[PDB]
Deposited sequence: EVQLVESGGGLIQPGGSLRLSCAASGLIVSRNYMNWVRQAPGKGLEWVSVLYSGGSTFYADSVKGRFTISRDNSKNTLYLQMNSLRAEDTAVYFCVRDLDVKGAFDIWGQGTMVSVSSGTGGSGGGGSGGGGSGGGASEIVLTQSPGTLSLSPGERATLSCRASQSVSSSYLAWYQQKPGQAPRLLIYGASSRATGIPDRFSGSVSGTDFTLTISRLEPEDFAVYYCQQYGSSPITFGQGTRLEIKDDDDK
């Protein structure tokens, strides 16, 4: 299974681009397919979704400018981007959503675009500095109540797409080691790494998908002390 994006570029403000996402293994027309973007040095922002039955939804900031579509015969998802703004500068990821059955589990590698209300999730600390072997606790607090079925944790290493760790607040994704665990206590959603391995140093994002729009926390950078 793979998603392969293309079509990004370095473009003048006001221009247009068309992003493509060629899928293999999953069928675009049968899935909740999304575009998610990440501005340089910033967090993740949901952009658009196309339902299997054809309904489309967009972030307020791109309404009337971007259009999501697909070509079933090419098993490809598209994002038409018109009237591009500096604030649209980001890496754009193609993503399949399983919602409460598995969250954002398949991500593409991303394509770079350079141009030159909602539940807020607050992550703490901004930077977490710890030694290998130690326990790490990462917090994510929502601006209003989010049921535990609709919370997920992601890990992102440099230059890579995010990777799903935990969905439904506490269900580990397939292949994730048991030293990762998720829990909810009050309005606090926590990720615990019981014994830090050197490969665990990364940026971690929480996500809620229970209220529209889908939103992400601003990220915690987990680094070596």
{"item": "Unmodelled intervals of the deposited chain, in order", "value": "1, 118-137, 247-251"}
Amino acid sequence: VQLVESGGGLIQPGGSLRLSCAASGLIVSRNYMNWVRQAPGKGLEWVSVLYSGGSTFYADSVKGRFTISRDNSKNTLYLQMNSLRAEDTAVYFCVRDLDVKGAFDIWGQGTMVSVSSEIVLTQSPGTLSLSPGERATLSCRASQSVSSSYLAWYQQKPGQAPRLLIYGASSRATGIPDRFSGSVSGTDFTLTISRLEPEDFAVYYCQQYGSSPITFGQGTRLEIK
From here on, numbers count along this sequence of modelled residues.
| query | finding |
| --- | --- |
| Entry-level comparison of average CA B-factors, 59-67 and 43-51, reporting the higher stretch | 59-67 |
| Per the entry, higher mean C-alpha B factor between 97-105 and 141-149 | 141-149 |
| Which of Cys206, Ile214, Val203, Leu10 ranks first by CA B-factor in the deposited coordinates | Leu10 |
| Chain-relative CA temperature factor third for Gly186 | highest |
| Record-listed C-alpha B factor of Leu196: chain third | highest |
| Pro162 by Cα B-factor - lowest, middle or highest third of the modelled chain | middle |
| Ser171 - which third its CA temperature factor falls in, relative to the rest of the chain | middle |
| Relative C-alpha B-factor of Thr76, binned into the chain's lowest, middle or highest third | middle |
